[PDB]
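J.: My questions all concern the structure below.
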Amino acid sequence: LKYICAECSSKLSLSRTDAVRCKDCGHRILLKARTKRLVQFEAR
Amino acid sequence: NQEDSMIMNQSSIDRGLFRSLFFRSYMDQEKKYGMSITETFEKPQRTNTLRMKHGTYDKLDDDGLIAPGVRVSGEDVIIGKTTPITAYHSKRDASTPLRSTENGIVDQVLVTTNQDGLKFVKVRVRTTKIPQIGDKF
Amino acid sequence: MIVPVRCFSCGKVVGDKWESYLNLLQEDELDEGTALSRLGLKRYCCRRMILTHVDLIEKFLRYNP
Amino acid sequence: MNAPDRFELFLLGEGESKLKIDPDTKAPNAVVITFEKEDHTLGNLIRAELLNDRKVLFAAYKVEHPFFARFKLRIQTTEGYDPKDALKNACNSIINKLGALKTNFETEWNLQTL
Amino acid sequence: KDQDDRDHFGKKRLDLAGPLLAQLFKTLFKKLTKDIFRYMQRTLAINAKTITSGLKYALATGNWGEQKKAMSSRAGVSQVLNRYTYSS
Amino acid sequence: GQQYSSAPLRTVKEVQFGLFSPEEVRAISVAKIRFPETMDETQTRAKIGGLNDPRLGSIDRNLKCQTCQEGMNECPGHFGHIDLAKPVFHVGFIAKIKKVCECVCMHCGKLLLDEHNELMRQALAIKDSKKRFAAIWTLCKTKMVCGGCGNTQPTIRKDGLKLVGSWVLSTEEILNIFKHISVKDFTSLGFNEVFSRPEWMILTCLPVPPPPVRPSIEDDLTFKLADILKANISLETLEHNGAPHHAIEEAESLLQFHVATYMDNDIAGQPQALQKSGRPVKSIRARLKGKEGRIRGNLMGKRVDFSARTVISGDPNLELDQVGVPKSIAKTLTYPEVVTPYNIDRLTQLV
Amino acid sequence: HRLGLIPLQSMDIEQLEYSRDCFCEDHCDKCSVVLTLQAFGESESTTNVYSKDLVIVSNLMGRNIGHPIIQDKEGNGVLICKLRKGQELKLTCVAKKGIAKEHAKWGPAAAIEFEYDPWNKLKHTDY
Amino acid sequence: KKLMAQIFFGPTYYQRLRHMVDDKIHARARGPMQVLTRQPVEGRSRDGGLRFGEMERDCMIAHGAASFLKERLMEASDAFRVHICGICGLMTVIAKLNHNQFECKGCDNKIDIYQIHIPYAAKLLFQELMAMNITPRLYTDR
Amino acid sequence: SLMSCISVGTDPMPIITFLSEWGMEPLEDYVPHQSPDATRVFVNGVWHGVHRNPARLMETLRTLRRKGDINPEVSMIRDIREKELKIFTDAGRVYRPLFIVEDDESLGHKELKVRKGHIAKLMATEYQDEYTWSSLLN
Amino acid sequence: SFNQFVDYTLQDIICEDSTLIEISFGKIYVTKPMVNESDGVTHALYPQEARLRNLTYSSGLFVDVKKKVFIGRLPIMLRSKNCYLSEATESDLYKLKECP
Amino acid sequence: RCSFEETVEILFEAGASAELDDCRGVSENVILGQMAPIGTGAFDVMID
Amino acid sequence: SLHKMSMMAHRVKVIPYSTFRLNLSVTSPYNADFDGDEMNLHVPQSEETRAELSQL
RNA sequence: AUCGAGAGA
DNA sequence: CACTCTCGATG
Ligand SMILES: [Mg+2]
Ligand SMILES: [Mg+2]
Ligand SMILES: [Zn+2]
Ligand SMILES: [Zn+2]
Ligand SMILES: [Zn+2]
Ligand SMILES: [Zn+2]
Ligand SMILES: [Zn+2]
Ligand SMILES: [Zn+2]
């Protein structure tokens, strides 16, 4: 799947057997991207 | 509202009186051994992994992690990890279940290598708690 | 966080009056009481609702993520 | 977590009827009617309107527990006067007064500015 | 002149991060120089993990004085920072 | 439940306390404990014929357990035994033994004062064992010379885990002494015929507690027994092979130490016998000492099923003898109701 | 939550229907009003997201309904959120007919002043 | 209708504390036991039981409710069935069930055997005392 | 408490040297019978000898601390009736700030050393953001 | 307290107590908080990254030895002299994802 | 007596003196998990 | 549980929300307010024991 | 599960 | 000598 770096606006798509680090950055803090399947909210 | 108890206006509660965000972080890590034995993060199938959890794994991705945004509740599996110890059932389950009493939404998943080069993960789940009968003020 | 959309107690809309309140404080150089009065916040629950609010989101926006 | 749905305050449950008319065993010619999915709004009004009927000996409503949206209404009328007729007359009286109130408010609203 | 007041705050001291880390580091560094003495008499190869893992241990467990349970500092000298509220 | 047994169900009426005679100890045992190795033997997930025998109780969720089978849930615990190279002292009796040595002179094995004395006739008249022993001990420890055998009875004092003499007493010597006190003298100071004898206080061979007492997730008791067996094999090795004068004694004191601390770890002796993780180790004594102990923590009170706990609140519309129970709790907690013609319909609907 | 509290035009609400009563799946045009919200931080300064930015998507078919009330002087309405520089808010809102007894967000009225017998001539109050 | 007494009414700064019911509420009906004592585990998160402590026991004694006390201490916790030798009265019995072979090496007992119901913690205590060179001999007759 | 602090610790040696070079008789050269009214001086629990005319010494020390020449965290206790002078440079001592009251006011009486001008400078520093707490201490 | 420990006490602990028979310990050098990764690349460690990656916010000690050398890592108190955040402005703290 | 304060030593001297426990004590039937001779269990129920 | 009135048999009334609800006049023997106090509930598992509860 | 720490009545 | 939740480092 795809991930996103922490301290820069990037969009990594490196799956397994890759992980760290980032593309044109150097830091190893990677967050996972939001799901495609939309979640509803009872606006209450 | 007797004996140090209070009555709270439900209408104001609806408008957001004393509402709160509650975040919770779960932390997991892939273990390492001398003979290059390593645990892996994945979504295990019931035919290839021992023990397993009673909860479902259907919310896990290929990397054995939930995508932030997905609603989780009950004993759902948040982190999917296996540990190996031909032959059927070659893996032991080491997956992490969402808190049995708690529920909420996966707020943010963090994947990072350790100082010893160990791929470890912190999953943060968010839950909005609304003031209820029995809440301490 | 951000200015509450409606007053908890009675239900009067107050989420549209925050910027107007700030302007009434800095532009016309009014005091909080008169500013809250001109915004039609007579009941002290709404008066509180705006006066008591802390706009923390303005600090939240200081982060890049 | 254990909180009931909100619509359970006004939406009738499975099998729950609006009114449950039961014969009162205490005093003769008395009745206790269980109003479901209603509160003080209807109870106090109907009870107060039942005290206007001079052929009504007793009339009292109570909400046995604030958790559940329901109230009991006990009515005792004079002999030769069915209590259901007292409830009906009370309701119709209410409706008429509210119709007149609405009409008057409307004619009073048309004569206003700003 | 009457008895001395043993509850007098003026005759008491508060050891902060400084003195505590000082005692701990004196211990760990003496252990280190002892180990280095041993490596020296065995004959640059200095085990730095002693001070590191020592300090880390005492700061992590709250048990001041490396790994010896005979310590009376088991009352948790270092604690997890309470961050429920700013005032907290 | 469990399973049908041909044995009649009876209720415990009496509890006869006593000591474990080495004869009965080895007769009761079902497995000799020679090897100090725990389970694995040369890369093998099994059990060596030393410690943790399958005879003591299988531990791998099997269907077999020492011929009798019955899995590992039905099977209680089958004790073993280990023979010591030389006899040692039981810590909890260190005082008592030290008193018995002061009630009877050495070599021979007879009481100091008899019916010939005036005060001894009054001391032995007490029927209560504890009071009798307490009364005789005070009126017998002052005697130096002595049935004949007029040997000058030495002044015995306590030192660590051994006993001295003033005119060092070996454990074997005290065994030989208590072996010759005979029956008639036992009744005179509390002890029983076939239940508890002074010749059984000292530990010739000690029983080995089954795996259900020391489970594996290894337990501290397993490590301590491994230490005892280690000191035992060490002592035997120093005895059979080269046997120096001032070397085997240290091994004897070591075995004595480990056996003493295996039961009681909180003694006046400063060596608390730590472990590999720096832990002071959990003795059998500490397991029983409340309030977290076995008695006050698992017998006088214990966690139970069909229980609930929650934040309480007042309710003006509940009766005095009522209790508001949350729906979730009501769903959780259950009651076993037998199907009767009276309630078969209701129970059917509930199901 | 903030979106839920937003006041919408409920003039012709009596010819709209409850979703629970409507014979459709989930919601439709006869029972609900769908309105979108697409906001994105453009300027270097803070980009405010108001209730005016809500855009009706469903078919109102004549009924005066769904339109978010703007009593604001500048014509903005309720301040829903604030975006930075690269922050984005993309969402869809389904508004349904409701009772304030179910949730206070469906409250058409604010405070109702109520007073009888100003001189306490009835003595309903012991001062 | 008006209220007779007038009410002290006004703004006051209140705070919400960390203790909320849904984080406290706990109920267990037959759950996971421990391994050593075979008693209900400790903790709400581990679906554990609640300690029927000494003082609660004292209360039930004061009430006179004996059967309830026994039920709390057996069926609702660790109820275990053990075999006792008719001679020495220890848990030396090797009960080969399904063959009815109740052996006992040491006294040669096969026909004079007994069966009792005690807590598993009691069995543990007795075993530990036996491992401490003490014989808690259990006789079933006066 | 909000303003309480802890002594970090400092070198007592220069204070010792100062004392000896300001009329403190060495303890090894002390004869009690020929000087009974001699105030004995202590430093960190150590008796470094006695000192006649202790008032001048105390005013000098206090002036040095208030100037900054002696570290402000160093405590100086003058016990008159007990005729002792205890100086502590010990670390871990919990202290707190206090307004200094002096009677050097000619056209007045005993007043606070700090004046409204100082406060004006402080609030000037507050509004601008050069006159801080350290300047109050110095 | 911590600043007192670093700027003075440490040197006293190393110099005034240790000498072997020879190797005499000289000055002590305390770096800025850094991490030696498994990658091998040693780099600057900021507090947020330390808390996120379960690392230890510590600096290295280097002593001059006679007849230089790393002797271990000292945990650094935040907002201390050797801490990056002490010299940091508000905007810096915001960029460093540290709350001002 | 072992269910209070001095626990283990009481059992020690009990085993050393070979004491007989009547098991008609409350805590003793509490340990044995049997219906103690308490109130409800202060008698027997038979059939006639 | 200081005295016998700390453990008393109550009649169950299943109610919504997540709190053990009790009558005010039962506060005194339990010694309990409602400022965060928690209570325990034990369910009998046979007829004779629930008889013990209901009758004693 | 074994030891310390915070806190709830 | 006098019931809970919890956290967090340890074998
Ligand atoms: Mg109270
Ligand atoms: Mg309370
Ligand atoms: Zn990057
Ligand atoms: Zn208001
Ligand atoms: Zn078996
Ligand atoms: Zn003799
Ligand atoms: Zn529809
Ligand atoms: Zn037998």
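Ligands are numbered from 1 in the order shown, residues from 1 within each chain, and chains are lettered A, B, ... in the order they appear in the structure tokens.
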Dump the neighbourhood of ligand 8 as number ranges by chain: all residues within 12 Å, distances computed on only C-alpha atoms (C1' of nucleotides) and all ligand atoms.
T.: F: 24-25, 27-29; H: 83-94, 102-114, 135, 137-139
J.: Write out as a list in words which residues come within 12 Å of residue 37 (chain B) when counting only C-alpha atoms (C1' of nucleotides), dropping same-chain ones fewer than 4 positions away.
T.: residues 30, 31, 32, 33, 82, 83, 84 and 85 of chain B
J.: Keeping N, CA and C atoms for every residue in the selection just given, could you write it to a file as a PDB file, in the first residue's frame?
T.:
```pdb
ATOM      1  N   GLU B  30       8.493  -5.898  16.032  1.00  0.00           N
ATOM      2  CA  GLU B  30       8.958  -7.172  15.495  1.00  0.00           C
ATOM      3  C   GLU B  30      10.219  -7.635  16.217  1.00  0.00           C
ATOM      4  N   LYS B  31      10.128  -8.776  16.893  1.00  0.00           N
ATOM      5  CA  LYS B  31      11.254  -9.305  17.655  1.00  0.00           C
ATOM      6  C   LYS B  31      12.358  -9.845  16.749  1.00  0.00           C
ATOM      7  N   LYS B  32      13.560  -9.960  17.304  1.00  0.00           N
ATOM      8  CA  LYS B  32      14.714 -10.461  16.565  1.00  0.00           C
ATOM      9  C   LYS B  32      15.463 -11.510  17.381  1.00  0.00           C
ATOM     10  N   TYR B  33      16.103 -12.448  16.689  1.00  0.00           N
ATOM     11  CA  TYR B  33      16.862 -13.503  17.353  1.00  0.00           C
ATOM     12  C   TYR B  33      18.237 -13.681  16.714  1.00  0.00           C
ATOM     13  N   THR B  82       2.889 -12.109  13.272  1.00  0.00           N
ATOM     14  CA  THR B  82       3.072 -13.538  13.488  1.00  0.00           C
ATOM     15  C   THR B  82       4.505 -13.857  13.902  1.00  0.00           C
ATOM     16  N   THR B  83       4.676 -14.980  14.592  1.00  0.00           N
ATOM     17  CA  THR B  83       5.995 -15.424  15.024  1.00  0.00           C
ATOM     18  C   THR B  83       6.189 -16.910  14.729  1.00  0.00           C
ATOM     19  N   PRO B  84       7.182 -17.233  13.889  1.00  0.00           N
ATOM     20  CA  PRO B  84       7.454 -18.618  13.497  1.00  0.00           C
ATOM     21  C   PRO B  84       8.307 -19.357  14.522  1.00  0.00           C
ATOM     22  N   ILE B  85       7.897 -20.572  14.877  1.00  0.00           N
ATOM     23  CA  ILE B  85       8.655 -21.403  15.806  1.00  0.00           C
ATOM     24  C   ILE B  85       8.827 -22.815  15.257  1.00  0.00           C
TER      25      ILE B  85
END
```
J.: Tell me which protein, DNA and RNA residues are within 10 Å of residue 5 (chain L), counting only C-alpha atoms (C1' of nucleotides), leaving out same-chain ones fewer than 5 positions away, and put them as JSON, numbers by chain.
T.: {"H": [59, 60, 62, 63], "L": [26, 28, 29, 30, 31]}
J.: Could the residues in this selection be written to a file with N, CA, C and O atoms, as a PDB file, in the first residue's frame?
T.:
```pdb
ATOM      1  N   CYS H  59     -19.110 -10.978  56.826  1.00  0.00           N
ATOM      2  CA  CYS H  59     -20.492 -10.533  56.697  1.00  0.00           C
ATOM      3  C   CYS H  59     -21.433 -11.710  56.472  1.00  0.00           C
ATOM      4  O   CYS H  59     -22.478 -11.812  57.118  1.00  0.00           O
ATOM      5  N   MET H  60     -21.062 -12.601  55.557  1.00  0.00           N
ATOM      6  CA  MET H  60     -21.912 -13.748  55.261  1.00  0.00           C
ATOM      7  C   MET H  60     -21.993 -14.706  56.444  1.00  0.00           C
ATOM      8  O   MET H  60     -23.000 -15.389  56.626  1.00  0.00           O
ATOM      9  N   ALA H  62     -21.880 -13.590  59.612  1.00  0.00           N
ATOM     10  CA  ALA H  62     -22.789 -12.865  60.490  1.00  0.00           C
ATOM     11  C   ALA H  62     -24.239 -13.070  60.067  1.00  0.00           C
ATOM     12  O   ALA H  62     -25.135 -13.136  60.909  1.00  0.00           O
ATOM     13  N   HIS H  63     -24.465 -13.176  58.762  1.00  0.00           N
ATOM     14  CA  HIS H  63     -25.806 -13.408  58.236  1.00  0.00           C
ATOM     15  C   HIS H  63     -26.285 -14.828  58.515  1.00  0.00           C
ATOM     16  O   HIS H  63     -27.484 -15.073  58.654  1.00  0.00           O
TER      17      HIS H  63
ATOM     18  N   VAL L  26     -30.979   3.425  51.644  1.00  0.00           N
ATOM     19  CA  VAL L  26     -30.109   2.270  51.830  1.00  0.00           C
ATOM     20  C   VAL L  26     -28.651   2.736  51.876  1.00  0.00           C
ATOM     21  O   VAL L  26     -27.732   1.941  52.082  1.00  0.00           O
ATOM     22  N   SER L  28     -27.142   4.670  54.186  1.00  0.00           N
ATOM     23  CA  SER L  28     -26.546   4.656  55.522  1.00  0.00           C
ATOM     24  C   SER L  28     -25.874   3.331  55.920  1.00  0.00           C
ATOM     25  O   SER L  28     -24.731   3.347  56.375  1.00  0.00           O
ATOM     26  N   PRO L  29     -26.566   2.182  55.760  1.00  0.00           N
ATOM     27  CA  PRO L  29     -25.886   0.951  56.183  1.00  0.00           C
ATOM     28  C   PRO L  29     -24.674   0.606  55.321  1.00  0.00           C
ATOM     29  O   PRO L  29     -23.712   0.036  55.835  1.00  0.00           O
ATOM     30  N   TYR L  30     -24.718   0.946  54.037  1.00  0.00           N
ATOM     31  CA  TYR L  30     -23.580   0.722  53.151  1.00  0.00           C
ATOM     32  C   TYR L  30     -22.494   1.770  53.363  1.00  0.00           C
ATOM     33  O   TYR L  30     -21.330   1.533  53.040  1.00  0.00           O
ATOM     34  N   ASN L  31     -22.886   2.921  53.907  1.00  0.00           N
ATOM     35  CA  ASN L  31     -22.014   4.092  53.995  1.00  0.00           C
ATOM     36  C   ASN L  31     -21.467   4.450  52.621  1.00  0.00           C
ATOM     37  O   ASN L  31     -20.292   4.226  52.330  1.00  0.00           O
TER      38      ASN L  31
END
```
J.: Could you tell me which residues of chain F sit within 10 Å of chain B when counting only C-alpha atoms, and give me the result as a list in words?
T.: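 My answer is residues 310, 311, 312, 313, 314, 315 and 316 of chain F.
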J.: Please, which residues have at least one atom within 10 Å of an atom of ligand 7, using only C-alpha atoms (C1' of nucleotides) and all ligand atoms, listed as number ranges by chain?
T.: G: 16-33, 96
J.: List all protein, DNA and RNA residues that have at least one atom no more than 7 Å from any atom of ligand 2, counting only C-alpha atoms (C1' of nucleotides) and all ligand atoms, and write them as a list in words.
T.: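 Checked against 7 Å with only C-alpha atoms (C1' of nucleotides) and all ligand atoms; the hits are residues 32, 33, 34, 35, 36 and 37 of chain L; 9 of chain M.
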